[PDB]
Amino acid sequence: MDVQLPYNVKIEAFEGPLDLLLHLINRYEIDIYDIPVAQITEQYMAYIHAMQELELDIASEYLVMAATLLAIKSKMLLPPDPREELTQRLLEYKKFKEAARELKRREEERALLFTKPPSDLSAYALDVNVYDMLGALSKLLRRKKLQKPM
């Protein structure tokens, strides 16, 4: 188009189409159980195009989602819900968007508790799997290093 539409976030901030759609539903106070397809499709397309202008990375699913919305819109309008699938998709994704926020808080709260590495008990002196190795290593890379005494 002729103008540069005003946007806070770049597309990288979104985890795909459902995520973008949930943001728009929020921005324009759309009722999620009763979606104004045309309007939302309009908001969705305008954002995508704006990002495409900036040679940004539009993941594959965004274009698929566009075709999906344009098609739902045509069917409802032209002569010859069709959107209950999409509504249920959104509600489902939203459920785990929120559950993942609660997890994020716990990740942070857990991070505030400091542990020490094990003692070297070699002086005082096995069935394992690939998970046990990955675990041993993740436990190691999680270790914060404190400044050593001078």
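We number the residues from 1 along the sequence you see.
The deposited sequence places 4 to 9 unmodelled residues between residue 125 and residue 126. Legend: mean Cα B-factor per stretch from the PDB entry, 132-140 versus 15-23; the higher mean is in 132-140.
As recorded in the PDB entry, 49-57 is the stretch of 114-122 and 49-57 with the greater mean C-alpha temperature factor. Taking the deposited Cα B-factors for 92, 81, 42, 107, the highest one is held by 81.
Residue-level temperature factors show residue 99 in the lowest third of its chain, judged at the C-alpha atom. For residue 86, the recorded CA temperature factor ranks within the middle third of the chain's modelled residues. Residue-level temperature factors show residue 63 in the middle third of its chain, judged at the C-alpha atom.
For residue 69, the recorded CA B-factor ranks within the lowest third of the chain. Only modelled residues enter the ranking.
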